[PDB]
Amino acid sequence: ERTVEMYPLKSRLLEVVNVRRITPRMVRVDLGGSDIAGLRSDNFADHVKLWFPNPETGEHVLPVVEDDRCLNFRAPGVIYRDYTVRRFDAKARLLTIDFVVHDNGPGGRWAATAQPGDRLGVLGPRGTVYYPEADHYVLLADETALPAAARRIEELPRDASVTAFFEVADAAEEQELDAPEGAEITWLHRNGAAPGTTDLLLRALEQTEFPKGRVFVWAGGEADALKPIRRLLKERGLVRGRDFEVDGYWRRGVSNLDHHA
Ligand SMILES: Cc1cc2nc3c(=O)[nH]c(=O)nc-3n(C[C@H](O)[C@H](O)[C@H](O)COP(=O)(O)OP(=O)(O)OC[C@H]3O[C@@H](n4cnc5c(N)ncnc54)[C@H](O)[C@@H]3O)c2cc1C
Ligand SMILES: [Zn+2]
């Protein structure tokens, strides 16, 4: 059964140790430091809030945590954003985060200049969500949700079937993934269209025959793009949490979208 487990909250200050520019618009960052003690991540969509410096003020507000709650979400000067735990290696003591590099916000702009020695406040994960096994996983993701989708794919048993549709800017943004045998992974290219302005994921889903066996559909990406995907799944009688999950990670014209509500 679908199960939530909470983690204890603590304010961590971590430092960039490795930077890997894996594709032109994505940078993979390993964060470390003694604060990483006690950090946990059990599932593919686990995410932290990263707390960034202000590039203009030089100000850098970090999380304040007291009695298992963050106290300063509404303090002035804070810049926090949700990012996926791409990988967590407890023995290496390193937290890996994949950042989309874009110019529209401070998280994207920080990623563009990320280098060893940069530090970030790291809050969470608040907890983790376990799912029962499925026979066939259908995954849809634009670049903000690709880290979680890729983590999922690489953690699947070799027996699993996968059908994945990943929307990226162009062919140079494709990644080589360690997927189960026979996985079907399709890279969809915006080819000049701006992020969040196409219906490429919906169109791919519409062309996909519902597979055999126990199926789970997971979609993440731009909130408005996901609305017709949610509707399509529900109209075929599928139930949120059991048959699918659809999670808006960002939304055009909105800064720091809260995906909880
Ligand atoms: C659970 C969760 C997990 C996430 N994991 C990741 C992750 O692993 N990697 C990752 O890159 N993102 C991830 N995101 C998305 C990320 O939180 C947003 O993209 C966030 O808005 C980026 O912060 P920002 O400061 O760059 O710009 P913001 O200040 O939040 O937004 C400024 C403007 O830029 C736009 N914008 C925001 N993101 C993008 C984008 N990627 N491309 C184009 N325009 C954008 C906004 O619509 C807004 O107009 C995740 C979201 C959630 C909810
Ligand atoms: Zn969350």
# chains A, B, ... in the order shown; residues from 1 in each chain; ligands from 1
>>> select_by_dssp(residues="region 115-246 of chain A", states="helix (DSSP H, G or I)", output="count of residues only")
33
>>> residues_near_ligand(ligand="ligand 1", cutoff="7 Å", atoms="only C-alpha atoms and all ligand atoms", output="PyMOL selection string")
chain A and resi 45+47+81-86+97-100+102+104-109+143-145+147-148+195+248-259
>>> write_last_selection(atoms="N, CA, C and O atoms", output="tab-separated table (two decimals), in the first residue's frame")
chain	number	residue	atom	x	y	z
A	45	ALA	N	11.21	10.37	-5.62
A	45	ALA	CA	10.78	11.76	-5.73
A	45	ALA	C	11.10	12.59	-4.48
A	45	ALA	O	10.62	13.72	-4.36
A	47	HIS	N	12.65	15.19	-2.09
A	47	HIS	CA	13.18	16.50	-2.47
A	47	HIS	C	13.48	17.36	-1.25
A	47	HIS	O	12.85	17.23	-0.20
A	81	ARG	N	13.91	27.01	-2.79
A	81	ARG	CA	13.29	26.35	-3.95
A	81	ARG	C	13.39	24.85	-3.78
A	81	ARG	O	14.36	24.35	-3.20
A	82	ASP	N	12.41	24.12	-4.32
A	82	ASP	CA	12.39	22.65	-4.27
A	82	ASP	C	13.30	22.05	-5.33
A	82	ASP	O	13.18	22.39	-6.51
A	83	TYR	N	14.16	21.12	-4.92
A	83	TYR	CA	14.97	20.34	-5.85
A	83	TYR	C	14.99	18.88	-5.41
A	83	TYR	O	14.99	18.56	-4.22
A	84	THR	N	15.03	17.99	-6.39
A	84	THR	CA	15.03	16.55	-6.13
A	84	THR	C	16.36	16.04	-5.60
A	84	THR	O	17.43	16.52	-5.99
A	85	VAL	N	16.30	15.06	-4.69
A	85	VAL	CA	17.46	14.26	-4.35
A	85	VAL	C	17.74	13.32	-5.52
A	85	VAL	O	17.13	12.26	-5.62
A	86	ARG	N	18.63	13.73	-6.42
A	86	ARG	CA	18.97	12.92	-7.59
A	86	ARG	C	19.65	11.62	-7.17
A	86	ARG	O	19.35	10.56	-7.70
A	97	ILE	N	22.39	16.75	-6.66
A	97	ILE	CA	21.25	17.50	-7.16
A	97	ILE	C	21.46	17.86	-8.62
A	97	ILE	O	22.52	18.40	-8.98
A	98	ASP	N	20.45	17.59	-9.45
A	98	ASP	CA	20.47	18.02	-10.85
A	98	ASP	C	19.68	19.32	-11.03
A	98	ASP	O	18.47	19.36	-10.78
A	99	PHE	N	20.36	20.38	-11.48
A	99	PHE	CA	19.74	21.69	-11.68
A	99	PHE	C	19.48	21.97	-13.16
A	99	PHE	O	20.40	21.84	-13.98
A	100	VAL	N	18.27	22.41	-13.50
A	100	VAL	CA	18.08	23.01	-14.82
A	100	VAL	C	18.78	24.36	-14.82
A	100	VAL	O	18.61	25.16	-13.90
A	102	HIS	N	18.79	27.82	-16.29
A	102	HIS	CA	17.95	28.76	-17.03
A	102	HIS	C	18.15	30.16	-16.42
A	102	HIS	O	18.71	30.30	-15.33
A	104	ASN	N	15.69	32.54	-15.79
A	104	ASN	CA	14.48	33.22	-15.35
A	104	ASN	C	14.33	33.39	-13.84
A	104	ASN	O	13.45	34.11	-13.39
A	105	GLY	N	15.20	32.73	-13.07
A	105	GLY	CA	15.11	32.83	-11.61
A	105	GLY	C	16.43	32.57	-10.94
A	105	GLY	O	17.38	32.09	-11.57
A	106	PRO	N	16.52	32.89	-9.63
A	106	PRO	CA	17.81	32.81	-8.94
A	106	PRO	C	18.35	31.38	-8.82
A	106	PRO	O	19.56	31.22	-8.81
A	107	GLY	N	17.49	30.36	-8.73
A	107	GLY	CA	17.99	29.00	-8.64
A	107	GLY	C	18.69	28.60	-9.94
A	107	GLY	O	19.81	28.09	-9.93
A	108	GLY	N	18.00	28.83	-11.06
A	108	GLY	CA	18.58	28.63	-12.38
A	108	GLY	C	19.86	29.43	-12.57
A	108	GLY	O	20.84	28.92	-13.11
A	109	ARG	N	19.87	30.68	-12.13
A	109	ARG	CA	21.04	31.52	-12.33
A	109	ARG	C	22.21	31.09	-11.44
A	109	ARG	O	23.36	31.19	-11.85
A	143	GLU	N	12.18	18.79	-18.07
A	143	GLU	CA	13.51	18.73	-17.46
A	143	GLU	C	13.52	18.92	-15.93
A	143	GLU	O	14.44	18.46	-15.26
A	144	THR	N	12.52	19.58	-15.37
A	144	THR	CA	12.49	19.79	-13.90
A	144	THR	C	12.17	18.50	-13.15
A	144	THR	O	12.56	18.33	-11.99
A	145	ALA	N	11.45	17.61	-13.83
A	145	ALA	CA	11.03	16.35	-13.25
A	145	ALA	C	11.87	15.17	-13.74
A	145	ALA	O	11.71	14.06	-13.25
A	147	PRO	N	15.08	14.58	-13.14
A	147	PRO	CA	15.89	13.94	-12.09
A	147	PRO	C	15.16	12.85	-11.31
A	147	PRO	O	15.73	11.77	-11.09
A	148	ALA	N	13.94	13.13	-10.87
A	148	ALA	CA	13.15	12.15	-10.15
A	148	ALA	C	12.83	10.95	-11.05
A	148	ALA	O	12.98	9.81	-10.63
A	195	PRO	N	10.18	26.52	-22.73
A	195	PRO	CA	9.73	25.60	-21.68
A	195	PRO	C	8.31	25.91	-21.24
A	195	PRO	O	7.99	27.08	-21.05
A	248	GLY	N	2.79	18.93	-10.34
A	248	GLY	CA	3.30	20.14	-10.96
A	248	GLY	C	4.50	20.69	-10.21
A	248	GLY	O	4.38	21.11	-9.06
A	249	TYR	N	5.66	20.71	-10.88
A	249	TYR	CA	6.92	21.12	-10.26
A	249	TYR	C	7.22	22.62	-10.39
A	249	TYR	O	7.97	23.20	-9.62
A	250	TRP	N	6.60	23.23	-11.39
A	250	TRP	CA	6.77	24.64	-11.63
A	250	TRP	C	5.63	25.10	-12.54
A	250	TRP	O	4.87	24.28	-13.05
A	251	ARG	N	5.52	26.41	-12.71
A	251	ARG	CA	4.47	26.98	-13.55
A	251	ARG	C	4.97	28.29	-14.14
A	251	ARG	O	5.51	29.13	-13.42
A	252	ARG	N	4.80	28.46	-15.46
A	252	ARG	CA	5.20	29.70	-16.13
A	252	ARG	C	4.54	30.91	-15.48
A	252	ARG	O	3.34	30.89	-15.20
A	253	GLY	N	5.34	31.94	-15.24
A	253	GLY	CA	4.86	33.18	-14.65
A	253	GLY	C	4.73	33.12	-13.14
A	253	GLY	O	4.31	34.10	-12.51
A	254	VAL	N	5.07	31.98	-12.55
A	254	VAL	CA	4.98	31.83	-11.10
A	254	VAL	C	6.36	31.55	-10.51
A	254	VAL	O	7.09	30.68	-10.98
A	255	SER	N	6.73	32.31	-9.48
A	255	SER	CA	8.00	32.08	-8.81
A	255	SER	C	7.80	31.18	-7.59
A	255	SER	O	6.89	31.42	-6.79
A	256	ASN	N	8.64	30.16	-7.47
A	256	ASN	CA	8.62	29.25	-6.32
A	256	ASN	C	7.24	28.65	-6.07
A	256	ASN	O	6.68	28.79	-4.98
A	257	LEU	N	6.69	27.99	-7.09
A	257	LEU	CA	5.42	27.29	-6.96
A	257	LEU	C	5.42	26.33	-5.79
A	257	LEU	O	6.35	25.54	-5.64
A	258	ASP	N	4.38	26.39	-4.95
A	258	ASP	CA	4.24	25.45	-3.84
A	258	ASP	C	3.44	24.24	-4.31
A	258	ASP	O	2.23	24.33	-4.52
A	259	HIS	N	4.09	23.09	-4.45
A	259	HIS	CA	3.38	21.95	-5.02
A	259	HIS	C	2.51	21.23	-4.00
A	259	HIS	O	1.78	20.29	-4.33
>>> residues_around(residues="region 7-20 of chain A", least_positions_apart="6", cutoff="8 Å", atoms="only C-alpha atoms", output="JSON, numbers by chain")
{"A": [27, 28, 29, 30, 31, 32, 33, 34, 35, 36, 40, 62, 63, 64, 65, 68, 69, 70, 114, 115, 116, 117, 118, 119, 120, 121, 122, 123, 124, 125, 126, 127, 128]}
>>> write_last_selection(atoms="N, CA and C atoms", output="mmCIF file, in the first residue's frame")
data_model
loop_
_atom_site.group_PDB
_atom_site.id
_atom_site.type_symbol
_atom_site.label_atom_id
_atom_site.label_comp_id
_atom_site.auth_asym_id
_atom_site.auth_seq_id
_atom_site.Cartn_x
_atom_site.Cartn_y
_atom_site.Cartn_z
ATOM 1 N N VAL A 27 23.132 20.852 -14.917
ATOM 2 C CA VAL A 27 24.363 20.708 -14.168
ATOM 3 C C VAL A 27 24.101 19.848 -12.934
ATOM 4 N N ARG A 28 24.990 18.880 -12.723
ATOM 5 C CA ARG A 28 24.869 17.913 -11.648
ATOM 6 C C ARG A 28 25.873 18.302 -10.587
ATOM 7 N N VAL A 29 25.375 18.505 -9.369
ATOM 8 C CA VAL A 29 26.167 19.063 -8.286
ATOM 9 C C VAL A 29 26.178 18.081 -7.121
ATOM 10 N N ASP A 30 27.363 17.771 -6.589
ATOM 11 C CA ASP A 30 27.441 16.989 -5.351
ATOM 12 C C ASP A 30 27.693 17.923 -4.169
ATOM 13 N N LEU A 31 26.844 17.834 -3.136
ATOM 14 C CA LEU A 31 26.952 18.656 -1.927
ATOM 15 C C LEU A 31 27.412 17.792 -0.752
ATOM 16 N N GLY A 32 28.345 18.298 0.046
ATOM 17 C CA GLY A 32 28.844 17.540 1.186
ATOM 18 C C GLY A 32 29.095 18.426 2.385
ATOM 19 N N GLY A 33 29.684 17.851 3.434
ATOM 20 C CA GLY A 33 29.989 18.588 4.650
ATOM 21 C C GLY A 33 29.455 17.816 5.844
ATOM 22 N N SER A 34 29.974 18.096 7.036
ATOM 23 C CA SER A 34 29.592 17.323 8.211
ATOM 24 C C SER A 34 28.100 17.421 8.546
ATOM 25 N N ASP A 35 27.429 18.499 8.140
ATOM 26 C CA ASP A 35 25.986 18.599 8.405
ATOM 27 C C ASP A 35 25.190 17.487 7.717
ATOM 28 N N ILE A 36 25.790 16.791 6.752
ATOM 29 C CA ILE A 36 25.032 15.787 6.002
ATOM 30 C C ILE A 36 24.710 14.561 6.864
ATOM 31 N N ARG A 40 18.559 11.375 5.213
ATOM 32 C CA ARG A 40 17.964 10.168 4.633
ATOM 33 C C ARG A 40 17.236 10.454 3.317
ATOM 34 N N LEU A 62 19.604 31.410 5.820
ATOM 35 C CA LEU A 62 19.532 29.960 5.945
ATOM 36 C C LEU A 62 18.270 29.567 6.713
ATOM 37 N N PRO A 63 17.840 28.292 6.607
ATOM 38 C CA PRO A 63 16.646 27.874 7.352
ATOM 39 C C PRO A 63 16.833 27.974 8.862
ATOM 40 N N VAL A 64 15.793 28.394 9.574
ATOM 41 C CA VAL A 64 15.782 28.315 11.032
ATOM 42 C C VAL A 64 14.821 27.214 11.452
ATOM 43 N N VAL A 65 15.324 26.171 12.104
ATOM 44 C CA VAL A 65 14.472 25.038 12.446
ATOM 45 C C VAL A 65 14.403 24.884 13.966
ATOM 46 N N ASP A 68 11.106 20.783 15.179
ATOM 47 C CA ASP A 68 10.733 20.095 13.938
ATOM 48 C C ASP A 68 9.926 20.944 12.955
ATOM 49 N N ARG A 69 10.087 22.259 13.030
ATOM 50 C CA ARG A 69 9.453 23.153 12.069
ATOM 51 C C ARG A 69 10.401 24.247 11.606
ATOM 52 N N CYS A 70 10.286 24.621 10.340
ATOM 53 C CA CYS A 70 11.009 25.784 9.846
ATOM 54 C C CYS A 70 10.258 27.041 10.252
ATOM 55 N N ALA A 114 27.622 27.519 -10.640
ATOM 56 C CA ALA A 114 27.926 26.615 -9.542
ATOM 57 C C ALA A 114 29.361 26.106 -9.625
ATOM 58 N N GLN A 115 30.082 26.180 -8.512
ATOM 59 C CA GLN A 115 31.460 25.703 -8.486
ATOM 60 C C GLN A 115 31.838 25.264 -7.070
ATOM 61 N N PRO A 116 32.844 24.382 -6.946
ATOM 62 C CA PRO A 116 33.257 23.888 -5.627
ATOM 63 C C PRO A 116 33.502 25.041 -4.655
ATOM 64 N N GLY A 117 33.020 24.906 -3.426
ATOM 65 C CA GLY A 117 33.157 25.973 -2.450
ATOM 66 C C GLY A 117 31.902 26.809 -2.246
ATOM 67 N N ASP A 118 31.005 26.849 -3.234
ATOM 68 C CA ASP A 118 29.686 27.466 -3.037
ATOM 69 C C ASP A 118 28.953 26.716 -1.946
ATOM 70 N N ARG A 119 28.169 27.419 -1.141
ATOM 71 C CA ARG A 119 27.408 26.745 -0.096
ATOM 72 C C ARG A 119 25.914 27.027 -0.224
ATOM 73 N N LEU A 120 25.102 26.058 0.195
ATOM 74 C CA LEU A 120 23.657 26.199 0.188
ATOM 75 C C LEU A 120 23.074 25.704 1.495
ATOM 76 N N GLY A 121 22.032 26.378 1.961
ATOM 77 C CA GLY A 121 21.214 25.835 3.032
ATOM 78 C C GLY A 121 20.391 24.692 2.458
ATOM 79 N N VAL A 122 20.280 23.605 3.210
ATOM 80 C CA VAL A 122 19.529 22.445 2.749
ATOM 81 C C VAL A 122 18.506 22.045 3.800
ATOM 82 N N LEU A 123 17.228 22.166 3.447
ATOM 83 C CA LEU A 123 16.154 21.815 4.377
ATOM 84 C C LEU A 123 15.366 20.598 3.891
ATOM 85 N N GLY A 124 15.191 19.617 4.775
ATOM 86 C CA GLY A 124 14.481 18.406 4.420
ATOM 87 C C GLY A 124 15.388 17.277 3.952
ATOM 88 N N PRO A 125 14.819 16.248 3.300
ATOM 89 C CA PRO A 125 13.414 16.116 2.895
ATOM 90 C C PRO A 125 12.491 16.053 4.102
ATOM 91 N N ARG A 126 11.280 16.571 3.964
ATOM 92 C CA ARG A 126 10.306 16.554 5.049
ATOM 93 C C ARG A 126 9.928 15.107 5.373
ATOM 94 N N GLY A 127 10.008 14.265 4.352
ATOM 95 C CA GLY A 127 9.661 12.865 4.474
ATOM 96 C C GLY A 127 9.774 12.173 3.131
ATOM 97 N N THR A 128 9.118 11.028 3.000
ATOM 98 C CA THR A 128 9.289 10.184 1.819
ATOM 99 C C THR A 128 8.013 9.380 1.587
#
>>> closest_residue(among="A:6, A:205, A:54, A:243", to="ligand 2", atoms="only C-alpha atoms and all ligand atoms")
A:6
>>> closest_residue(among="A:191, A:175, A:96, A:207", to="residue 46 (chain A)", atoms="only C-alpha atoms")
A:96
>>> residues_around(residues="residue 3 (chain A)", least_positions_apart="5", cutoff="12 Å", atoms="only C-alpha atoms", output="ChimeraX atom specification")
/A:42-43,127-132,241-242
>>> write_last_selection(atoms="N, CA, C and O atoms", output="short mmCIF file (atom, residue, chain, number, x, y, z; two decimals), in the first residue's frame")
data_model
loop_
_atom_site.label_atom_id
_atom_site.label_comp_id
_atom_site.auth_asym_id
_atom_site.auth_seq_id
_atom_site.Cartn_x
_atom_site.Cartn_y
_atom_site.Cartn_z
N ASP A 42 14.79 7.74 0.89
CA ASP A 42 14.41 6.36 0.59
C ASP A 42 13.74 6.17 -0.77
O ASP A 42 13.69 5.06 -1.29
N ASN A 43 13.22 7.24 -1.36
CA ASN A 43 12.43 7.08 -2.58
C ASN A 43 12.71 8.13 -3.66
O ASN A 43 13.29 9.18 -3.38
N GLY A 127 10.01 14.26 4.35
CA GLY A 127 9.66 12.86 4.47
C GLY A 127 9.77 12.17 3.13
O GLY A 127 10.45 12.66 2.23
N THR A 128 9.12 11.03 3.00
CA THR A 128 9.29 10.18 1.82
C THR A 128 8.01 9.38 1.59
O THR A 128 7.25 9.12 2.53
N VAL A 129 7.76 9.02 0.33
CA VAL A 129 6.56 8.26 -0.02
C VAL A 129 6.91 6.94 -0.69
O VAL A 129 7.57 6.93 -1.74
N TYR A 130 6.48 5.84 -0.07
CA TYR A 130 6.68 4.51 -0.63
C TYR A 130 5.48 4.10 -1.48
O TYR A 130 4.33 4.39 -1.15
N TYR A 131 5.76 3.39 -2.57
CA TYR A 131 4.69 2.84 -3.41
C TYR A 131 4.84 1.33 -3.54
O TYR A 131 5.95 0.80 -3.52
N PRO A 132 3.70 0.62 -3.69
CA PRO A 132 3.74 -0.81 -4.02
C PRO A 132 4.32 -1.02 -5.42
O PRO A 132 4.23 -0.12 -6.26
N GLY A 241 -2.90 8.40 -6.55
CA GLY A 241 -2.27 7.76 -5.42
C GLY A 241 -2.17 6.26 -5.58
O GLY A 241 -1.23 5.63 -5.10
N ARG A 242 -3.14 5.68 -6.28
CA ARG A 242 -3.17 4.24 -6.51
C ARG A 242 -2.69 3.87 -7.91
O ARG A 242 -1.83 3.00 -8.07
#
>>> closest_residue(among="A:246, A:138, A:150, A:48", to="ligand 2", atoms="only C-alpha atoms and all ligand atoms")
A:48
>>> select_by_dssp(residues="region 37-95 of chain A", states="strand (DSSP E)", output="list in words")
residues 47, 48, 49, 50, 51, 65, 66, 69, 70, 80, 81, 82, 83, 84, 87, 88, 89, 94 and 95 of chain A
>>> write_last_selection(atoms="N, CA and C atoms", output="PDB file, in the first residue's frame")
ATOM      1  N   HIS A  47      12.655  15.189  -2.094  1.00  0.00           N
ATOM      2  CA  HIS A  47      13.179  16.502  -2.467  1.00  0.00           C
ATOM      3  C   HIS A  47      13.476  17.361  -1.251  1.00  0.00           C
ATOM      4  N   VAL A  48      14.442  18.249  -1.420  1.00  0.00           N
ATOM      5  CA  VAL A  48      14.835  19.178  -0.376  1.00  0.00           C
ATOM      6  C   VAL A  48      14.441  20.577  -0.796  1.00  0.00           C
ATOM      7  N   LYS A  49      14.480  21.503   0.148  1.00  0.00           N
ATOM      8  CA  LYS A  49      14.437  22.912  -0.199  1.00  0.00           C
ATOM      9  C   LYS A  49      15.854  23.439  -0.098  1.00  0.00           C
ATOM     10  N   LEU A  50      16.340  24.006  -1.191  1.00  0.00           N
ATOM     11  CA  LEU A  50      17.646  24.641  -1.203  1.00  0.00           C
ATOM     12  C   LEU A  50      17.504  26.128  -0.950  1.00  0.00           C
ATOM     13  N   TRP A  51      18.349  26.643  -0.067  1.00  0.00           N
ATOM     14  CA  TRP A  51      18.312  28.046   0.324  1.00  0.00           C
ATOM     15  C   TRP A  51      19.515  28.780  -0.254  1.00  0.00           C
ATOM     16  N   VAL A  65      15.324  26.171  12.104  1.00  0.00           N
ATOM     17  CA  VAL A  65      14.472  25.038  12.446  1.00  0.00           C
ATOM     18  C   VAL A  65      14.403  24.884  13.966  1.00  0.00           C
ATOM     19  N   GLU A  66      13.184  24.824  14.489  1.00  0.00           N
ATOM     20  CA  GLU A  66      12.943  24.693  15.923  1.00  0.00           C
ATOM     21  C   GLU A  66      11.747  23.790  16.155  1.00  0.00           C
ATOM     22  N   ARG A  69      10.087  22.259  13.030  1.00  0.00           N
ATOM     23  CA  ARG A  69       9.453  23.153  12.069  1.00  0.00           C
ATOM     24  C   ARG A  69      10.401  24.247  11.606  1.00  0.00           C
ATOM     25  N   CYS A  70      10.286  24.621  10.340  1.00  0.00           N
ATOM     26  CA  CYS A  70      11.009  25.784   9.846  1.00  0.00           C
ATOM     27  C   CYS A  70      10.258  27.041  10.252  1.00  0.00           C
ATOM     28  N   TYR A  80      14.292  30.208  -1.252  1.00  0.00           N
ATOM     29  CA  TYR A  80      14.316  28.761  -1.169  1.00  0.00           C
ATOM     30  C   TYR A  80      13.502  28.185  -2.323  1.00  0.00           C
ATOM     31  N   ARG A  81      13.907  27.006  -2.791  1.00  0.00           N
ATOM     32  CA  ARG A  81      13.289  26.354  -3.949  1.00  0.00           C
ATOM     33  C   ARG A  81      13.392  24.846  -3.782  1.00  0.00           C
ATOM     34  N   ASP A  82      12.412  24.118  -4.319  1.00  0.00           N
ATOM     35  CA  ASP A  82      12.389  22.655  -4.272  1.00  0.00           C
ATOM     36  C   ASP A  82      13.298  22.045  -5.332  1.00  0.00           C
ATOM     37  N   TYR A  83      14.157  21.116  -4.923  1.00  0.00           N
ATOM     38  CA  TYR A  83      14.974  20.339  -5.853  1.00  0.00           C
ATOM     39  C   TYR A  83      14.989  18.879  -5.411  1.00  0.00           C
ATOM     40  N   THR A  84      15.026  17.986  -6.389  1.00  0.00           N
ATOM     41  CA  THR A  84      15.026  16.554  -6.133  1.00  0.00           C
ATOM     42  C   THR A  84      16.364  16.040  -5.599  1.00  0.00           C
ATOM     43  N   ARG A  87      20.572  11.719  -6.220  1.00  0.00           N
ATOM     44  CA  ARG A  87      21.166  10.559  -5.568  1.00  0.00           C
ATOM     45  C   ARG A  87      21.617  10.970  -4.179  1.00  0.00           C
ATOM     46  N   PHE A  88      21.590  10.021  -3.257  1.00  0.00           N
ATOM     47  CA  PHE A  88      22.204  10.240  -1.961  1.00  0.00           C
ATOM     48  C   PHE A  88      23.083   9.054  -1.618  1.00  0.00           C
ATOM     49  N   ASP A  89      24.359   9.324  -1.389  1.00  0.00           N
ATOM     50  CA  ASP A  89      25.321   8.271  -1.092  1.00  0.00           C
ATOM     51  C   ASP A  89      25.786   8.433   0.350  1.00  0.00           C
ATOM     52  N   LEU A  94      27.584  12.294   0.317  1.00  0.00           N
ATOM     53  CA  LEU A  94      27.381  13.292  -0.730  1.00  0.00           C
ATOM     54  C   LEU A  94      25.931  13.299  -1.214  1.00  0.00           C
ATOM     55  N   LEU A  95      25.352  14.493  -1.319  1.00  0.00           N
ATOM     56  CA  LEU A  95      24.004  14.686  -1.844  1.00  0.00           C
ATOM     57  C   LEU A  95      24.095  15.223  -3.259  1.00  0.00           C
TER      58      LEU A  95
END
